[PDB]
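What follows is one structure encoded as structure tokens, with my remarks underneath.
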Amino acid sequence: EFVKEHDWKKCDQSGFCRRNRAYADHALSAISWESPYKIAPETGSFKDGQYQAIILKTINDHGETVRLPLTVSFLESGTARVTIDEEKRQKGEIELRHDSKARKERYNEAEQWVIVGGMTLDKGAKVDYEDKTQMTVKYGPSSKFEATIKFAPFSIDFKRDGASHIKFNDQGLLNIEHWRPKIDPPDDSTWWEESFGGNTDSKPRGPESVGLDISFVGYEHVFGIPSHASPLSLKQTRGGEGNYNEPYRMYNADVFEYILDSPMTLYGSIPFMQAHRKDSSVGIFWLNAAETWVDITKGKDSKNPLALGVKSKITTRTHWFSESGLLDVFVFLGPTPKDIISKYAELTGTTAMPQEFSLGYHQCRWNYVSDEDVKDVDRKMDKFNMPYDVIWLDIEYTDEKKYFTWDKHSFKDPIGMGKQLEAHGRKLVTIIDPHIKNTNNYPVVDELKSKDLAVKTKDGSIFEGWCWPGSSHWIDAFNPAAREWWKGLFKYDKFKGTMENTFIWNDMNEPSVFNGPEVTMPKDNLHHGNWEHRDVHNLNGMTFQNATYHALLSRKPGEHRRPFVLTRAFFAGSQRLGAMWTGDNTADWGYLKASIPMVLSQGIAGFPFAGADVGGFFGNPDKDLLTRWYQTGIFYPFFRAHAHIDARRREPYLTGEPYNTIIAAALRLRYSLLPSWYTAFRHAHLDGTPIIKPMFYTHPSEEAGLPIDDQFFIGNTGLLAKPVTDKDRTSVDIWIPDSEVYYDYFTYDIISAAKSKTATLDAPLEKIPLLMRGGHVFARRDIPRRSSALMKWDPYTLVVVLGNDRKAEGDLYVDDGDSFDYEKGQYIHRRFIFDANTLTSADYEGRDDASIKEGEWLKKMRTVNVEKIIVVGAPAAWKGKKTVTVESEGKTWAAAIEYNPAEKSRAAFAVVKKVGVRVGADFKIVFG
Ligand SMILES: OC[C@H]1NC[C@H](O)[C@@H](O)[C@@H]1O
């Protein structure tokens, strides 16, 4: 690898970060500090759910002002939006330095990239009160939400249920760096050119950062702003025991050997933060694509947060600042975590419906070295009864790092390789990165250049820099023409050697530039639209994944199907485009433990299709670590093993016994649960529901769960997992969230009942700690197969998990896994309800059976049954009854049931075999 010893800006080395931190330091120590920003009330108007006014910023002691247009929107969802722009820049009345052609306006296209819905203004929103000092707007459901806008100094307080929850500018940290010329006196050391990492940023606009304090009143825990190697409940950043000293950073970057427990940026950024306490949740989304830092402190509400004489109630103070663009913030008032995330997903998108196969196990390393290597691994997995769906090719498959080629010495017959995988319904994934080799006899680069599709430098020249191919240029995927060109390259008849089972991995899309500052592009590079790279950096990865997503919709005439694209770099909205992973982690126990809070943070930030490299990327995991890593990785929504080029081969059949058997058992569990995993992805698609769910989300009334980040619920199943992530551990302490009954998934032992507590569970190497909560039904497929495709027509088992209510609910969603026919109703979605000794299956959306004409997939599913029902926590009244009564599609019959009484701590349970009811039809089964 090119960079041996990396240089990352600390906050003091980022000019605008230094300035905003210093602004805070001044404001928070000034006596009677007043923010020098005022609404000019006579400029204000409220109409049809929107307030518009001019904020005047006082810029010097002579009282000179600049005009900053304010827009506050009250949306039908109950979300509010606050936007501040700069009028002189809107009017183009500034002069860029260096004869730069960069845009004069503040970047205002983040919305175009990110926002897909939820923007309808609430015409029911109304001014409840105003005078010459303030105005209050009521909005939200039944007018329950209020925003009080104070004019002088400017502030906004967002209220519900008789209190303030979120305050803007309470601490007076609002900072919009207005345009100024470079003039000498008649601290500006960071205003103009800045050098770092072997590069000087020409900085043609000068200072232009935007920042604000956002206070979460009475909240002690905040969450989100992935991606960081950090706890789910974010740390403070201004010092203290256990805390950081630097703000959280979002500046998508290629961070070689990234460390644990750090606010340093990683590869992707979602500037979305929630605050949660018992029975109250709120949140903000900072819609800004530039380099962004977030400071976090917690204490009392007093100016000295450690003062005596004041109420103890904690407020979390957050200080957001971005290098350029608009101040543009959405405010969510909940009141539950589910509400907040659903509203966020309405704005930025829900999870795309995945390729079904992509929930399977993915086998990868850097590299499989030939087509024969690939075919041998495929055979070996089958010899060792280790199911898997996809094999991956990293960068060594290419001809000298030219994308859209194959190394013909080593990959002689890629179609034959593709066809072998197809015999088990398996897939191939091939890497394609955004750097295009600058060399002769390569039509891809010729077209990139002649069509003007490459990112440019500060002066309009084509950008050149180094990555895997050596000297390279970069696709500018902000350009719609570049995205349309890119589509053409993926057609099966153009990208030779690919076929219908070939999908794509996008990497190095931060962009990673080996000889660039912080391994990325200069900030004064120019993109399509004449935006500076500084304006759009955090969107770059997403634009590239977008290009590839749309290339995979159709690669031959008549084809229309779901993409699968893995990305490294990402932004808000990337959930619409495919999966991510957490990049170059390390083969050590601390990274295994860290993976779970990271993957959880992804899902609560609205991008749940996430995972970490199983085994760790860098290094050689011990056999026990690798084994535990499989047991955790089967709970990542995106489940792939991967290894760095210097790591030994560690395909799972190489581990040896007893590890092989334990790893195979983990794989078999993932596969058996695939019906429930796919259903969980369906809910993520319907309304942004996370796929794996932290305690704050499932149990908003249970304060003790707030920071817990090492256990989680799966989908809609009530399954509670706590993988072992510590070396040589042979037990685990699980926090039981509530008073329901919890059962061991494998033995049906009663682990807890009647009261929230910590329960200690045996957990040797061969144990996956997995509990079933009472009140839930979930589906699985018990028959083991070699791949998910080979399970498509197999019968289902339903597990009905009862607590003392003897009542439960769950669901199952199935479709063809590939097309967009789901949009026209071609799917099965069952709601299963157990109540009063009866299990029923109904269509989840209450559709009439002959409101939909059955396509080919639905017709084939007529042969697919629910065949087995297990009831855990079976009532004693059922003892000695040998049948249940089954009714379906007009027919009634008896099915045999076996009742097993409680024994020691093992629950009573009953099993119905050979139920024989088609999964697509209503049924009613009466027990007892
Ligand atoms: O392609 C080489 C290398 N690039 C960086 C990626 O994070 C890693 O997964 C990959 O193996």
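Labels used: A, B, ... for chains in the order of the structure tokens, numbers from 1 for residues in each chain, and numbers from 1 for ligands as shown.
Within the 9 Å cut-off around residue 906 (chain A), using only C-alpha atoms and omitting residues fewer than 6 positions from it on the same chain, the listed residues are residues 743, 744, 747, 748, 749 and 750 of chain A.
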Residue neighbourhood region 447-463 of chain A, 12 Å, only C-alpha atoms, exclusion window fewer than 5 positions, as a ChimeraX atom specification: /A:96-103,200-205,434-439,441-442,471-486,488-489,511,513,516,521-534,540
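Backbone DSSP over region 432-535 of chain A yields strand (DSSP E) at residues 435, 436, 437, 465, 466, 467, 470, 471, 472, 473, 474, 502, 503, 504, 505, 506, 526, 527, 531 and 532 of chain A.
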Neighbourhood of ligand 1 at 9 Å, counting only C-alpha atoms and all ligand atoms, reported as an NGL selection string: :A and (254 or 256 or 364-367 or 394-396 or 431 or 433 or 468 or 507-508 or 568 or 581-585 or 613 or 617 or 642-645)
What would the file look like if the residues just selected were written as a PDB file, in the first residue's frame with C-alpha atoms?
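Wrote it out as result-v6.pdb, contents follow:
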```pdb
ATOM      1  CA  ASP A 254      -9.524   5.989   3.408  1.00  0.00           C
ATOM      2  CA  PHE A 256      -5.599   2.664   6.949  1.00  0.00           C
ATOM      3  CA  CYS A 364     -14.268 -12.937  -0.240  1.00  0.00           C
ATOM      4  CA  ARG A 365     -10.560 -12.251   0.071  1.00  0.00           C
ATOM      5  CA  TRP A 366      -7.891 -10.144  -1.575  1.00  0.00           C
ATOM      6  CA  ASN A 367      -7.595 -12.144  -3.885  1.00  0.00           C
ATOM      7  CA  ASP A 394     -11.050  -8.214  -5.576  1.00  0.00           C
ATOM      8  CA  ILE A 395      -8.775  -6.000  -7.746  1.00  0.00           C
ATOM      9  CA  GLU A 396      -6.341  -8.708  -8.905  1.00  0.00           C
ATOM     10  CA  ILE A 431     -14.917  -4.985  -7.810  1.00  0.00           C
ATOM     11  CA  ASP A 433     -13.605   1.479  -8.475  1.00  0.00           C
ATOM     12  CA  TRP A 468      -4.106   1.067  -7.847  1.00  0.00           C
ATOM     13  CA  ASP A 507     -14.599   0.558  -3.328  1.00  0.00           C
ATOM     14  CA  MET A 508     -12.154   3.473  -2.884  1.00  0.00           C
ATOM     15  CA  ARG A 568     -17.415   1.758   1.106  1.00  0.00           C
ATOM     16  CA  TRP A 581     -19.363  -2.451   5.211  1.00  0.00           C
ATOM     17  CA  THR A 582     -17.119  -0.853   7.809  1.00  0.00           C
ATOM     18  CA  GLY A 583     -13.911  -1.019   5.703  1.00  0.00           C
ATOM     19  CA  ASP A 584     -10.466  -2.148   6.788  1.00  0.00           C
ATOM     20  CA  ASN A 585     -10.975  -3.495  10.281  1.00  0.00           C
ATOM     21  CA  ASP A 613     -15.421  -8.097   7.466  1.00  0.00           C
ATOM     22  CA  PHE A 617      -9.466  -7.498   7.230  1.00  0.00           C
ATOM     23  CA  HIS A 642     -12.848 -10.911   3.767  1.00  0.00           C
ATOM     24  CA  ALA A 643      -9.077 -10.747   4.291  1.00  0.00           C
ATOM     25  CA  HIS A 644      -6.148  -8.509   3.351  1.00  0.00           C
ATOM     26  CA  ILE A 645      -3.593  -9.608   0.762  1.00  0.00           C
TER      27      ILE A 645
END
```
Distance query region 146-153 of chain A at most 6 Å, only C-alpha atoms, self and fewer than 6 positions along chain excluded, as a list in words: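 The neighbour list is residues 35, 37, 38, 39, 133, 134, 135, 136, 137, 138 and 159 of chain A.
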For residue 728 (chain A), list every protein, DNA or RNA residue within 12 Å, evaluated using only C-alpha atoms, and leave out those in the same chain fewer than 2 positions away; present the list as a PDB file with N, CA and C atoms, in the first residue's frame.
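Final output, saved to selection.pdb:
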```
ATOM      1  N   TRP A 589      -9.851  -9.087  18.805  1.00  0.00           N
ATOM      2  CA  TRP A 589     -11.054  -9.175  19.596  1.00  0.00           C
ATOM      3  C   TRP A 589     -11.767  -7.838  19.758  1.00  0.00           C
ATOM      4  N   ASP A 622      -6.849 -15.693  15.297  1.00  0.00           N
ATOM      5  CA  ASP A 622      -6.827 -17.002  15.959  1.00  0.00           C
ATOM      6  C   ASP A 622      -8.114 -17.760  15.624  1.00  0.00           C
ATOM      7  N   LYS A 623      -8.063 -19.081  15.733  1.00  0.00           N
ATOM      8  CA  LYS A 623      -9.188 -19.928  15.344  1.00  0.00           C
ATOM      9  C   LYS A 623     -10.440 -19.634  16.188  1.00  0.00           C
ATOM     10  N   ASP A 624     -10.240 -19.405  17.468  1.00  0.00           N
ATOM     11  CA  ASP A 624     -11.365 -19.091  18.360  1.00  0.00           C
ATOM     12  C   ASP A 624     -11.954 -17.727  17.990  1.00  0.00           C
ATOM     13  N   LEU A 625     -11.102 -16.772  17.650  1.00  0.00           N
ATOM     14  CA  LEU A 625     -11.611 -15.443  17.249  1.00  0.00           C
ATOM     15  C   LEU A 625     -12.401 -15.567  15.962  1.00  0.00           C
ATOM     16  N   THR A 627     -13.972 -18.102  14.795  1.00  0.00           N
ATOM     17  CA  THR A 627     -15.186 -18.808  15.108  1.00  0.00           C
ATOM     18  C   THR A 627     -16.246 -17.904  15.740  1.00  0.00           C
ATOM     19  N   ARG A 628     -15.838 -17.151  16.755  1.00  0.00           N
ATOM     20  CA  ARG A 628     -16.713 -16.152  17.362  1.00  0.00           C
ATOM     21  C   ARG A 628     -17.106 -15.128  16.331  1.00  0.00           C
ATOM     22  N   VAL A 724     -20.858 -13.589  21.827  1.00  0.00           N
ATOM     23  CA  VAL A 724     -19.646 -13.485  22.639  1.00  0.00           C
ATOM     24  C   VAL A 724     -18.533 -12.827  21.827  1.00  0.00           C
ATOM     25  N   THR A 725     -17.944 -11.771  22.371  1.00  0.00           N
ATOM     26  CA  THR A 725     -16.948 -11.003  21.626  1.00  0.00           C
ATOM     27  C   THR A 725     -15.698 -10.784  22.465  1.00  0.00           C
ATOM     28  N   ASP A 726     -15.549 -11.586  23.517  1.00  0.00           N
ATOM     29  CA  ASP A 726     -14.371 -11.518  24.382  1.00  0.00           C
ATOM     30  C   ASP A 726     -13.608 -12.842  24.321  1.00  0.00           C
ATOM     31  N   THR A 730     -16.679 -17.870  28.495  1.00  0.00           N
ATOM     32  CA  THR A 730     -17.518 -19.046  28.397  1.00  0.00           C
ATOM     33  C   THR A 730     -18.884 -18.820  29.054  1.00  0.00           C
ATOM     34  N   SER A 731     -19.219 -17.559  29.297  1.00  0.00           N
ATOM     35  CA  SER A 731     -20.558 -17.171  29.705  1.00  0.00           C
ATOM     36  C   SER A 731     -20.774 -15.759  29.257  1.00  0.00           C
ATOM     37  N   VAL A 732     -22.029 -15.343  29.302  1.00  0.00           N
ATOM     38  CA  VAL A 732     -22.418 -14.015  28.892  1.00  0.00           C
ATOM     39  C   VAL A 732     -23.549 -13.541  29.791  1.00  0.00           C
ATOM     40  N   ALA A 763     -22.021 -19.989  27.766  1.00  0.00           N
ATOM     41  CA  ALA A 763     -21.655 -19.580  26.413  1.00  0.00           C
ATOM     42  C   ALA A 763     -20.260 -20.066  26.040  1.00  0.00           C
ATOM     43  N   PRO A 764     -20.062 -21.387  25.999  1.00  0.00           N
ATOM     44  CA  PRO A 764     -18.811 -21.897  25.468  1.00  0.00           C
ATOM     45  C   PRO A 764     -18.651 -21.580  23.988  1.00  0.00           C
ATOM     46  N   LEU A 765     -17.504 -21.933  23.427  1.00  0.00           N
ATOM     47  CA  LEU A 765     -17.227 -21.563  22.048  1.00  0.00           C
ATOM     48  C   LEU A 765     -18.338 -22.018  21.103  1.00  0.00           C
TER      49      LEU A 765
END
```
Interface rows for region 783-812 of chain A against region 838-855 of chain A: nearest pair, Å to one decimal, 10 Å, only C-alpha atoms, as JSON lines:
```
{"residue": "A:800", "atom": "CA", "partner": "A:839", "partner_atom": "CA", "distance": 8.8}
{"residue": "A:806", "atom": "CA", "partner": "A:838", "partner_atom": "CA", "distance": 9.9}
{"residue": "A:807", "atom": "CA", "partner": "A:838", "partner_atom": "CA", "distance": 9.1}
{"residue": "A:808", "atom": "CA", "partner": "A:839", "partner_atom": "CA", "distance": 8.9}
{"residue": "A:809", "atom": "CA", "partner": "A:839", "partner_atom": "CA", "distance": 9.3}
{"residue": "A:810", "atom": "CA", "partner": "A:841", "partner_atom": "CA", "distance": 9.7}
{"residue": "A:811", "atom": "CA", "partner": "A:844", "partner_atom": "CA", "distance": 7.6}
{"residue": "A:812", "atom": "CA", "partner": "A:844", "partner_atom": "CA", "distance": 8.7}
```
For the residues selected in the previous step, produce a file with N, CA, C and O atoms as a compact mmCIF listing (two decimals), in the first residue's frame.
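Contents of the output file out18.txt:
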```txt
# COMPACT_ATOMS: atom_id res chain seq x y z
N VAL A 800 -43.96 -20.18 17.43
CA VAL A 800 -44.89 -19.35 18.15
C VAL A 800 -44.37 -19.30 19.59
O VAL A 800 -44.36 -20.35 20.26
N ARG A 806 -50.40 -15.82 26.52
CA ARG A 806 -50.73 -16.85 25.54
C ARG A 806 -51.23 -16.23 24.24
O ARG A 806 -52.16 -16.69 23.60
N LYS A 807 -50.52 -15.20 23.82
CA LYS A 807 -50.87 -14.40 22.68
C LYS A 807 -49.57 -14.03 21.95
O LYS A 807 -48.52 -13.83 22.59
N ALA A 808 -49.61 -13.94 20.63
CA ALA A 808 -48.40 -13.56 19.91
C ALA A 808 -48.70 -13.06 18.53
O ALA A 808 -49.75 -13.34 17.99
N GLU A 809 -47.75 -12.33 17.94
CA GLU A 809 -47.89 -11.87 16.55
C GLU A 809 -46.53 -11.90 15.86
O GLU A 809 -45.49 -11.65 16.47
N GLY A 810 -46.56 -12.15 14.56
CA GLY A 810 -45.39 -12.04 13.72
C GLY A 810 -45.79 -12.02 12.26
O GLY A 810 -46.98 -11.95 11.96
N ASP A 811 -44.81 -12.04 11.36
CA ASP A 811 -45.14 -11.93 9.94
C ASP A 811 -44.08 -12.61 9.08
O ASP A 811 -43.00 -12.95 9.55
N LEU A 812 -44.41 -12.82 7.82
CA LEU A 812 -43.50 -13.40 6.85
C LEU A 812 -43.77 -12.75 5.49
O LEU A 812 -44.90 -12.79 5.02
```
Residues near residue 760 (chain A), cut-off 10 Å, only C-alpha atoms, skip fewer than 6 positions along chain, as an NGL selection string: :A and (731-735 or 751-752)
